[PDB]
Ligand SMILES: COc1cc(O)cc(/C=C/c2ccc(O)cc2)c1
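Quick heads-up: it's one chain on its own, the form deposited without this ligand, in C-alpha cells.
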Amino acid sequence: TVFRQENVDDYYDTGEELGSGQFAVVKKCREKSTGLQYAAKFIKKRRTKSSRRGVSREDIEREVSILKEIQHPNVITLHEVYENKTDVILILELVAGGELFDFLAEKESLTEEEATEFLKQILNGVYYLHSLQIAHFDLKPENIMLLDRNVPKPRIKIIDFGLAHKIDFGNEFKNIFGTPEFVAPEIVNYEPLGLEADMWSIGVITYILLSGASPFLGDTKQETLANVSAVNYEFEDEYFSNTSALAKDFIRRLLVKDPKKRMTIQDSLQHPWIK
C-alpha cells in the first residue's frame, strides 16, 4: 500500500527518544497544525530480500493494517503513516505513562482487589481485539503501558502490534516467535495458533502481577521452553500465601496446554474472580 510521501518534518517537530527496538526507534513528536503530541515510530525497511536487517514490507503492511483497524480505549491508536526510501514512519498515540509493572513497583503494595482493576482493563482490550479476530501474539509486561501515571485512575494501553495477526478461517498459522517466558506451548512446539495464545500470556501476566515472580522462567533459554511445553509451574507458599483460591483457579484455567480447553476471553470476563 502507498503511504504519505511527504517529509515528516514538514508536519511534526522531532524530539526526545522515548524507546528503541532492534529494527525500530520511537521518538516524541508534536504536530505543528494542532500542537498535539504523538509518538513517531521509525521502522527501518528491509528493501533487500536477502538482507536480514530491517522489516519486510509484508510485516509492516500487516502491523499498520491491524492498527488502522483498532479503535479502543485500552489499545494504542494509529494517527498517520509516512514513508521514505529507508523508513516507514508510524505516527502513534503518545503513551508516556511507562510500564504498568514499573508503576506498581511503587510500594503501598497492591491489594488483590486493586490488582484486578488493572487486569480488568487488559481483559477489556483483549476482549475488543479477539472480537475482531485479532491475536496480539506478544502480550507480556513491557507491552502493557499506562497513558498517564499522574492521575487517580491510570489507564492501561496495550501496545506493539509487530506480531499481531488476523486469524482467518481456513489456512492455519504456526510460526515460532516471541519471548520464551511469556509464550504458549503451541508457539514453542510450532503447532497451529489462534486467539488461545493471548489467553495463555494473560495467565502468565496475572501470575506475575499477583506474586512478582515468573511461572516458567528458568535458568536458561532451553529450560524455560521446557517448563512452558511441560506446563510445569507451582503456587509456592512463599509467593501465593496471600492469594485467594479464586485468583489461582483463574490462572489454572488459563495455564493449560490444550488450546481448546483453555478459557476464552469471554469466559475470563465471567469468571467469579473477575465477576
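For the two forms, the rigid core is made up of the largest set of C-alpha atoms that agree within 1.5 Å on superposition. A residue's number is simply how far along the shown sequence it sits, counting from 1.
Annotation: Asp198 does not belong to the positions left without coordinates in a third of the other compared entries; each one with flanking residues models it. In every other compared PDB entry of this protein that covers both flanking sides, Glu113 is modelled, so it falls short of the one-third threshold for missing coordinates. Stretches 82-90 and 167-175 differ in mean C-alpha B factor, with the higher average recorded for 167-175. Look at the C-alpha B-factors of 68-76 and of 98-106. On average they run higher in 98-106. In the PDB entry, the Cα temperature factor peaks, among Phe42, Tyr239, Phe250, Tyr207, at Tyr239. The PDB entry assigns its highest CA temperature factor, among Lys120, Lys157, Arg149, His130, to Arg149. Annotation for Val55: C-alpha temperature factor in the middle third relative to the rest of the modelled chain, per the entry.
Among all modelled residues in its chain, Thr34 ranks in the lowest third by Cα B-factor. When the modelled residues of the chain are ordered by their C-alpha B factor, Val256 lands in the middle third. The PDB entry assigns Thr111 a C-alpha temperature factor belonging to the highest third of its chain's modelled residues. Among the modelled residues of the chain, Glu61 sits in the middle third by CA temperature factor in this PDB entry.
Omitted from view is the form solved in complex with this ligand, to which the following refers.
Look at 5-13, 247-255, 21-29, 263-271: in the entry with it bound, residues with non-hydrogen atoms within 4.5 angstroms of this ligand sit in 21-29. Interface residue among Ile187, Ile156, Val88, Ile159 relative to this ligand in the entry with it bound, by the heavy atom within 4.5 Å criterion: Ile159. Residue-level contacts in the entry with it bound: of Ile122, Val183, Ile76, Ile205, one residue has a heavy atom within 4.5 Å of this ligand, and it is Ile76. Remark: all three candidate residues (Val95, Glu99 and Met145) come within 4.5 Å of this ligand in the entry with it bound, counting heavy atoms only. When contacts are judged by a 4.5 Å heavy atom cut-off, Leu225 does not count as touching this ligand in the entry with it bound.
In the entry with it bound, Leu210 stays away from this ligand, with no heavy atom inside 4.5 Å. Heavy atoms closer than or equal to 4.5 Å to this ligand in the entry with it bound belong, across 37-60, to one residue only: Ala39. With the core fitted between the shown form and the other one, just one of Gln71, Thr179, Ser131, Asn150 shows a Cα displacement of at least 2 Å, namely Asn150.
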